[PDB]
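> starting from these lines, generate the structure:
(12 chains)
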Amino acid sequence: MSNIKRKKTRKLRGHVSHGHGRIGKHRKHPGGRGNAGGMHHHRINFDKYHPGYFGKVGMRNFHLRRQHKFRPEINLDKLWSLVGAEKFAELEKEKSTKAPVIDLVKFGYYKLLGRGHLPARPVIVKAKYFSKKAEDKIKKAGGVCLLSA
Amino acid sequence: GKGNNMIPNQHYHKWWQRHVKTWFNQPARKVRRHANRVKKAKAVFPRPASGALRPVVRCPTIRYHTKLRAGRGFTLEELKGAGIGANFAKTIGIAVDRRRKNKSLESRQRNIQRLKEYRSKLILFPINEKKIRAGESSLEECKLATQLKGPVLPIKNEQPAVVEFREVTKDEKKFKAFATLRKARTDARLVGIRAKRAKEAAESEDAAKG
RNA sequence: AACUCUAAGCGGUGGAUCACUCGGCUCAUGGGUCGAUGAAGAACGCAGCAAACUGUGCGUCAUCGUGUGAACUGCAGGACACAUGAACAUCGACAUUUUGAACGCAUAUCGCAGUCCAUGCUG
RNA sequence: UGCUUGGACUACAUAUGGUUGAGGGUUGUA
RNA sequence: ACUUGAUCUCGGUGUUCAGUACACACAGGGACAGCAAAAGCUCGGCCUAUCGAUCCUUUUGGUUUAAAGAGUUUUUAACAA
RNA sequence: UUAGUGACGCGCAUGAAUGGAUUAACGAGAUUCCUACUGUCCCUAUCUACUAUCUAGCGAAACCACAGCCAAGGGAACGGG
RNA sequence: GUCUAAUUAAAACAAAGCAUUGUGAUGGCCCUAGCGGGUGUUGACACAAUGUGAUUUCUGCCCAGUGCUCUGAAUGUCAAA
RNA sequence: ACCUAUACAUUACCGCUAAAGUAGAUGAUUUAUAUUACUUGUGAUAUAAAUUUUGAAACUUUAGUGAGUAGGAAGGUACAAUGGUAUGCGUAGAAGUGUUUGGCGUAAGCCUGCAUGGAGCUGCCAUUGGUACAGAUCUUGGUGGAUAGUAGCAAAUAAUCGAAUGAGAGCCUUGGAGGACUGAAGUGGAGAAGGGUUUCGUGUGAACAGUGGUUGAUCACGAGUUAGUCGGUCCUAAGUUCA
RNA sequence: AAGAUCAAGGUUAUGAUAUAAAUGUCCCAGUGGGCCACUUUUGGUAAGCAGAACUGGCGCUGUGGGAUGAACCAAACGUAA
RNA sequence: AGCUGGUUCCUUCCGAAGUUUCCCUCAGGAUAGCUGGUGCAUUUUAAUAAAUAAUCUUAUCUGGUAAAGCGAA
RNA sequence: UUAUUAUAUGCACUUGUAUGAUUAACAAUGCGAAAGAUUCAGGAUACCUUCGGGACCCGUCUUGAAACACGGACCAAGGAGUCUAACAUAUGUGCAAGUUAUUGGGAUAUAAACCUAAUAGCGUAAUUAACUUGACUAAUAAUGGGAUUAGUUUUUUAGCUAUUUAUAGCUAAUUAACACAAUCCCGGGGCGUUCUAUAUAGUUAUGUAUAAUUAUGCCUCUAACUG
RNA sequence: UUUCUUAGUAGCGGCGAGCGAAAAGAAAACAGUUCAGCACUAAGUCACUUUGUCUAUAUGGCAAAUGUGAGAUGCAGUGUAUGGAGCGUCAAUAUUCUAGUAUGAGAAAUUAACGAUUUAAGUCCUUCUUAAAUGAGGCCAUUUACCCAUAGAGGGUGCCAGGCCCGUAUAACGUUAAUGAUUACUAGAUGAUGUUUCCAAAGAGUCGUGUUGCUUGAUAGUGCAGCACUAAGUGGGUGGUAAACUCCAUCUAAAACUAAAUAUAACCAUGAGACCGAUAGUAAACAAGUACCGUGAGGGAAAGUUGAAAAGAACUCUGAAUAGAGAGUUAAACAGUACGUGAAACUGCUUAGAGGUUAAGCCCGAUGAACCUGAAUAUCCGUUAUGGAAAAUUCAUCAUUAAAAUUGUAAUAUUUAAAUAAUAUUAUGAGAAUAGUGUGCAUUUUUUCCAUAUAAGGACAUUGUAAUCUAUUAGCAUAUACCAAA
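Numbering: from 1, shown residues only, chains lettered A, B, ... in the order given. Find the structure here:
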């Protein structure tokens, strides 16, 4: 880890003002502490760089317990990565006792998202919540979405 | 006021340097805790040092239900099919959390099968002999034949690969799911409104007859 | 020459620097052990020689019991009681002043009562 | 007895037990 | 003489100069017109000043979302201008 | 006699217990004239005792960039360099 | 008569005198968060609160303004309950 | 004509930048020769001689340029500690330190000698910091010039003859003597408030008595403060402690 | 009108140059108190005065020169012949 | 404490600004400009131009100062 | 026609000229003379001397300091851009569409090392206030197309070199593909917003009929979805 | 309860500055419960006082007085809503079972903690030095390792000590607690579950509500409290946006007991440190909360070190004496009580030199003094030619013999099946050398030394001349071309 031997503050001895300019010397809190005055002196610096700083986009949601809404997402970009790699080539086979029934829910992703374009191979996806578009491309691949606990 | 700057909601403004738990006691505690298990394992019998019988099933988070949290719940209902015997259970182990309402009776299946695949493994040692209902065996004595006493309680679970990416056979393709998924939710939203429309239709008819 | 300046050698002055340290500091671990059965703290008197520190209380630098087994030590009285014990620890038996919560009442007074038991003197 | 010395006791709040008590509180015997 | 373009909606541009905020101005896209015979012109005053951030108060807008165990209805939180 | 006192008082900006006026007695109080007096002065001088001084003994400190000859010049527009 | 011990001893302060103010005590004025208490072992010739400043003399006009006050028309204005 | 800046020209040399190669070694390259092939003259091979073991996270080789506060980056140096290491050093003299020793580096700084010394210590590669001082009207300790003496040690005149003693004697040790002082509203004779052994004898030296000092309120060693009747005590006051 | 497909074209169609340039990140320091001169100028009689325009210095710059000198002149400094 | 004072080794190389804007701002910041460092992509502007950047010239625009005018508004 | 100059001037030897910083022929003198130690040359060590020239006091704020600006008599030693939480950028390292074990447990040569259950964090979808919905195209298209860009393979030709003439490599012209990265542009598309196709139409299911909520048929009121 | 998380977030906030938690999820550790209110229905209960007994060193238990007193203005007891009690049915249901006390068992069985003993081994020679070996060197043999080793952790000891001691590793012993078995005595209980039936007893000026203040993230209250209003049992509360209506889910308040994980700057018992090293470190390493100041509250230091051993300087002399001079002691007084070591500032002396030019101090160049540093060899046109002297034997010109390696190649195995390649093993051939023999092992060779020689005994250093080279300065001497004017 650490060396103050790699610090340049070591090197700045002496250099009389240690990189903290002779005329205007670095003295404790020259611009007012923190985000102060953000309506005044730092107004340039806040809208630049943080702009939405300040007011409101109000819809106060008293007691959002983020278990109701949590809903993690898998894309239809990916979705075939739920299928173990040596079985992934095994169902490209061509052999049907089929179609591909992937349990999305036990892979922990509440919601199947739309993102588009999978191989023509039919996939049945067992998922709680649907992108209608994810289902639309799955139905074009000839599978289905079977809706799932 | 720094123009790549990181708005600092770092609340160390309240003399937080008095508090600081340095946690230089972590492995001293780990050694003590492990050492304590050794003392407890001997002291409490050939008593195998946890382990209630661990009771899971079914946590409450709709996402978090392979999220097994360990079965303290004390199961008065499940006792009955184990016949079973709340007081007798306590001597054995049976975790006393009498405040549970496990009504998803697939849950009654799992846990009752647990206690029974257990129970027969509870070697029945009574303090003179004579000793009624072991229902064991002088040959089946802890010391002589069996030598058991283990460990840690497996989540049970039961894998998780999944891969119920099994071969089904998958019929369902006349079945247009996407119309029904938005419809089912709309029907649920509009239940109170659809109730009004029936009630308003009733009222106007009563008026008309009037 | 003397003095002054400049340098050097040597001697002072002074205690920096070095190296040491029965101490300090910080983190971790085990334990719960004050008090009206009179505390913690204070005052007071105490060692053969002490004035303190330290120890102790009027039995005063310490006593039983117990352990060990011959010191203490500056000088010595002692040392003897080394085999019944030094001296240190243990310290479970006792002592543990005047106080202080502080308790008869007070306290710029160690001041002044009451009560029981008891002693000498006088009778 | 007088005169003198030593020890042990004599605070307050409070519970319980002890017994003495007490009030036109109130009851009864007369 | 006839009228209400001093309009609606969204983006740009100029000034200030971070050519940013703001205000006002300039030229357009999408509406809808106003006027005149029409071509055309016209997002206020021939051009150059004439005025204001967040929170907050409020109104107008779609009649929309939330009030986290369900509704309904008051109330209320809001998003657009 | 830029002083004072008595007058005059359109009094910049006096004044009636916000007290106004007058006033004996009183004041280590402010002020003005005269006298007596004096080294206050003209105009300086001398004297006593104790010091300062010198010596035996005893013995600090302020301050001190480096320290210390002037004149002019330039220069932070006044130099010991 | 007093004072700014340690730069101001006065013309300032106090002061008798003069006038003004509240109050009969379940009060007036006053302290204490409060309990309770000061004045007060006082009772209006008292106690408390002020202002001016002996004696002599004088005490004018003005309540519009700002204070102060009231048996005042007190359905002005006007809080909570 | 002459003089003359760190300018200008050239050259050596420093650094920084630039620009190029360097990395077949059972191999390569040079030189001489004998043999063999072809040819006039060259190569191959054999032999003998010679060079070449490159921090190729650097060197060889090259050119152009360098003020510099603020500041930035780059690379070292010193200091204390730590992992590893030099089969490190060491009481036969460590570290420390004085040093016209000799030398190295632009420097930061390094080594060594000599003297002193006495018990432990350092270089290198990585690793961490309470890491390098001239200052801060810095802190703390020490020391100068002022100044071995300049301020001063001067108010109450202030002694002095002089015997005794001692190392030394104006005082302080002291008699005798002698000048005076305070001038009983005292610099006296008592006590409270206060002091705390200071009182007193003996010993009597350094320090102290801004001087000396044999002497002292100093320093060392001993002793001494006896109460029915004086105070405290007791009592109450202003006032207080508090059930 | 753009996107644009296809075919034709002697010499690339002023001059020196390029220390290579462009581009991004740091949101980096340091700065936000300037001062002086040529020239141009406003206020002011003027000022070593207050304030612009352009450009260079000084600020951060000695050396040589103006006897001297922050700034003017000449010139920008590795070390020496 | 936006103020004053001080800040502890060296060398090498490059090297400022006192300006803009906003701010009870004006003894200060932020911000832009100037500054360094870190690099990156390509060198016919690169490793053994028919692509530019920015200064003359040229060609092509602009302007109401100096001067001039008042027998021109 | 004449003059001039160069080529036809090879091989041996050479203290010849240069070879891109070409100082040496030649010579004299001191002297290394064992340890010992002479003699010569050279030197701003400390410091002294002699001569010239130059050198004003540092630190600092300040436009400018030698200032008649401020601190600092003198000397020694302490002595000031840190640590920590959380953060951005640069870079290195590990692994990588994942990563982080050290909350804890297993274990120990011990506050270490070794092992590591399970979560959680962040990333893997965002945007609207939120409800919500979902980046379309294609297994692929490093976002698509397009324009500037490298590097490679590659058509075709020329020159050069080496060559066995089979052949390869370089350099230049050239055709095509990838052409990412880098840079630029027009779009598409998730979300919001507007105009508005979601005017209406189609499709499925409810609903109804039939057999047993479901299947089948029909309607496509209603609900849902889409251009 | 705490930790990990959520989370620098929901959310609060001149919505500015700044603030901010819990649930689920993960883990550490885990443990449960009881009144009072029902019909015990012969107060079943309890404190005390005395005496019997017992026996701690008891406010104790057993027994008796059925002695006072408490208590129906209420206590036992089932039993606590997480329910529960009584009926019947089921069900276990036994000369018993369980508990609490006493029991040391196992001829002292084991474990831990403490005191504390234990040791396995050199103080052998030499040398230095010295006060000391703990320093350096030696120590057969164990494939050269002094002895020992489960211990080479530390301190003490005269130094750098595993082996000198104590300890350390490792155990012996005693004590005390645990491991209390059987056994004795005493006390108590006979299940729990399910069905059906009968009962089903429940904390109030509180809950709640309006206000206020305070406080929180808690916002149309987050807890808390005051005040007003004030309940109820198909109640009550909760369900973070107020209400009414209609529901659902979820507990059961206004009562009580309860280990562990969780805290620890004090106290006691302990262990560590990339801690500090005497201006540091705590205020205090020390007669440190001391000395000292302040009326007091309080303020509160500076200050470590002779040596191995005091061997702390006897003795003599000068001086009143402290001191000095000699001397002793000590490895050293260059350790003689600011005492280890020993700085700077500063001062005295001595030694050198100068002194009116800036007060002094300074740098450079030249220069003198003291002082110091540097100092090389063989050749014109080359140093080889030649001669002598010594010595060598694998090699010497090379052959042979033995020894092992290298170059190239192959195989067999492994690596990567297999290939190329690499590696282990094995083998062959080419050669070169280390030892032995040999023409000779000085027939001669070779190796090694010495002398003499051509201009000359030289090139380290400093010097002369001349030829050149680069930059440059300054002349000389020679000859034209053209233009104007002439």
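
> what is the lengthiest helix in chain A packed up against?
As assigned by DSSP state H, the longest helix anywhere in chain A is helix A:132-140. If you count contacts as 3 or more CB pairs under 8 Å, 6 or more residues apart in numbering or on different chains; DSSP states H and E, helix A:132-140 packs onto strand A:111-113, strand A:144-147, helix B:177-189. Every residue, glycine included, has its C-beta placed from N, CA and C.

> reformat these as a markdown table; add mean neighbour count and distance to RNA strand H.
Output for the helices and strands packed on helix A:132-140, formatted as a markdown table (neighbours: other CB atoms under 10 Å in any protein chain shown; distance: least, CB to the nearest atom of the strand, whole Å):
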| stretch | mean neighbour count | distance to RNA strand H |
| --- | --- | --- |
| strand A:111-113 | 21 | 46 |
| strand A:144-147 | 21 | 55 |
| helix B:177-189 | 12 | 58 |
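
> touching stretch A:3-19 from outside, list them.
Stretch A:3-19 is contacted from outside by A:22, A:25, using CB atoms under 8 Å, 6 or more residues apart in numbering or on different chains.

> do the same with stretch B:109-118
Taking CB under 8 Å, 6+ apart as the rule, stretch B:109-118 contacts B:53-57, B:71, B:75, B:78, B:81-82, B:84, B:102.

> quick one: buried residues of that stretch?
B:110-112, B:114-115 (16 or more other CB atoms under 10 Å in any protein chain shown).

> would you mind writing the CA trace of it as PDB?
The C-alpha trace of stretch B:109-118 is given here as PDB (Å, rounded to 0.1, in the frame of the first residue of the first chain):
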ATOM      1  CA  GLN B 109     -46.400 -31.700   3.700                       C
ATOM      2  CA  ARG B 110     -42.700 -30.800   3.600                       C
ATOM      3  CA  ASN B 111     -42.200 -30.100   7.300                       C
ATOM      4  CA  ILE B 112     -44.200 -33.200   8.500                       C
ATOM      5  CA  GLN B 113     -42.100 -35.400   6.300                       C
ATOM      6  CA  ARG B 114     -39.000 -33.700   7.900                       C
ATOM      7  CA  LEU B 115     -39.900 -34.400  11.500                       C
ATOM      8  CA  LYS B 116     -40.700 -38.100  10.600                       C
ATOM      9  CA  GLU B 117     -37.400 -38.800   8.700                       C
ATOM     10  CA  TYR B 118     -36.000 -37.200  11.900                       C
END
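
> quick check on residue A:122: phi, psi?
Main-chain dihedrals, residue A:122, degrees, to the nearest 10: phi -60, psi 130.

> so who does it touch?
Per CB under 8 Å, 6+ apart, neighbours of residue A:122: A:98-100, A:141-143.

> still on that earlier bit, so does the longest helix of chain A get close to RNA strand K?
Yes: against RNA strand K, helix A:132-140 shows contacts by CB under 7 Å from any atom of the strand at A:132-134, A:137, A:140.

> quick check: residues of chain B near RNA strand K?
Applying CB under 7 Å from any atom of the strand, we find that chain B lies next to RNA strand K at B:4-6, B:8, B:10, B:12, B:23-24, B:26-31, B:33-34, B:37, B:64, B:66-67, B:152, B:155, B:174-176, B:178-180, B:182-183, B:185-187.

> ok, of these, which come out buried?
residue B:178.

> so which of the residues of chain B next to RNA strand K reach RNA strand C?
Filtered for proximity to RNA strand C (CB under 7 Å from any atom of the strand), the residues of chain B next to RNA strand K shrink to B:23-24, B:28-29.

> now these as TSV including secondary structure?
Formatted as TSV, these follow (DSSP: H, G, I helix; E, B strand; the rest coil):
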residue	secondary structure
B:23	coil
B:24	coil
B:28	helix
B:29	helix
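
> go through those residues and say which is closest to residue A:42.
residue B:23 (37.8 Å; CB to CB).

> and residue B:91, how far is that from RNA strand C?
As for residue B:91, its distance to RNA strand C is 29 Å (criterion: CB to the nearest atom of the strand, to the nearest Å).
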